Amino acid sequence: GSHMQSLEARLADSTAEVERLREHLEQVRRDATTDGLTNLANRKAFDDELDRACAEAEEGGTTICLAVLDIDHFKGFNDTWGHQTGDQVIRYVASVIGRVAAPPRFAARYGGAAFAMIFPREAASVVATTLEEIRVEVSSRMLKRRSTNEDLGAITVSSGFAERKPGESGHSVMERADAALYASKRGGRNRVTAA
């Protein structure tokens, strides 16, 4: 009777705003973690996912590899063509990586013009060839400046990757993969290296 029924009407209007918000919360959260320019994850979403995936590798005793990519000479590139064309080069490289990073792989915009990738349960030989396919894919086509149709020159990426040692943490693997990338850059750029 009545008061029992004034309550079921308030609890239905209340557990419905729970779902109206919990669904709206999921889509604000998806976009809070999506790097707007490229539609990949951002460094934050990546550093969270890299830690969660290292738990799954220690507790499960499985494999995980990690890769970093930088767009070569990207600073002097912006100065030549302008912020807007540079944003289009970032987008383009990001399209090449996103194609290849279907889950359980995880790809992110790790920096200003840098990317990070997670290959869970995959051997390094696979990672090493995936990065090599991405390297030539990126420099395969000649891109054009959109109003004027100029050649932008080839676009190349340097690359670093490493395999997580048994006791290694997220931060630590990243440190090593980053040393790998610096090694690729100081060795002539447009190449992959590994520890």
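All residue numbers refer to positions in the sequence shown, first residue = 1.
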Assert higher mean C-alpha B factor (4-12 or 186-194, deposited values) equals 4-12
Would 25-33 or 160-168 have the larger average of its C-alpha temperature factors, as given in the entry? 25-33
Highest Cα B-factor in the PDB entry belongs to which of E132, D151, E59, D70? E59
Is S140 in the lowest, middle or highest third of its chain when residues are ranked by C-alpha B-factor? middle
Position of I155 among the chain's modelled residues by C-alpha B-factor, lowest, middle or highest third: lowest
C65: which third of its chain by C-alpha temperature factor? middle
Ranking every modelled residue in this chain by its Cα temperature factor as given in the entry, which third contains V127? lowest
